[PDB]
Every structure is written in structure tokens, then in C-alpha cells.
Amino acid sequence: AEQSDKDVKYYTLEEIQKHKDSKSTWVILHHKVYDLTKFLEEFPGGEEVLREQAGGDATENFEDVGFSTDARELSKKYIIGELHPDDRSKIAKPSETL
């Protein structure tokens, strides 16, 4: 879903589900989406620790893999838009059998 209004982009969790590269790495707090693509470069080679949780969690994850103080304010700093209201319900938890 590409938002016609170019302010606060509606990313879909279906979009981020294919988190293969660092540039495809975004995380969701619950209903709003935050950029992890840049945030992982703050960790020297620390893309792989958070990649698996990208397209899934950020409620605990963004602060977990994040810096102890910095990640707490850097959550709202990396405001890349909001996660699609339908998609946070779709992939609240996917089939864990894969």
C-alpha cells in the first residue's frame, strides 16, 4: 500500500515479511512502523541480531537489540510512518510452523 499523501507512510507487515536485506528491515511497535534499516548500522555488524524480529516485533525488540538509553528515544526518532491497521491484525503472529 503506497500512501497518496506524502507524509506518514502506510507500510504493510506483508511488505516487511520478506526482510532479507538491511534496506528491507523495518519493525512495528504494535500499529505504527519504525525504520530499523538505519538503526542496525548504529550497531557495527549488528543487522543479524534484529533481522529475524523485523516484520514482527519492536515493542520489546527495538529496545532489546537497541542501546540501553538511546533505543528508548530512537523508537519515535525513526518514525518512517505507520503500519497498516489491517496488517498488524493479519501478522500479529503468523503461522509459527513457517
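Numbering starts at 1 and runs along the chain as displayed.
Header lists the method as solution NMR.
Here the Cβ of each residue, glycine as well, is placed from N, Cα and C on the backbone.
Taken verbatim from Swiss-Prot:
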| type | residues | note |
| --- | --- | --- |
| MOD_RES | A1 | N-acetylalanine |
| MOD_RES | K6 | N6-acetyllysine |
| MOD_RES | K9 | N6-acetyllysine |
| MOD_RES | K18 | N6-acetyllysine |
Which one is it: of the modified residues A1, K6, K9, whose Cα lies the shortest distance from the Cα of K18 (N6-acetyllysine)? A1
Got a sec? Which of these modified residues, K6, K9, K18, has the most Cβ atoms within 10 Å? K9
If you draw a 10 Å sphere on the Cβ of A1 (N-acetylalanine), how many other Cβ atoms land inside? 11
Using the alpha carbons only, what distance in Å do you get between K9 (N6-acetyllysine) and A1 (N-acetylalanine) once rounded? 9
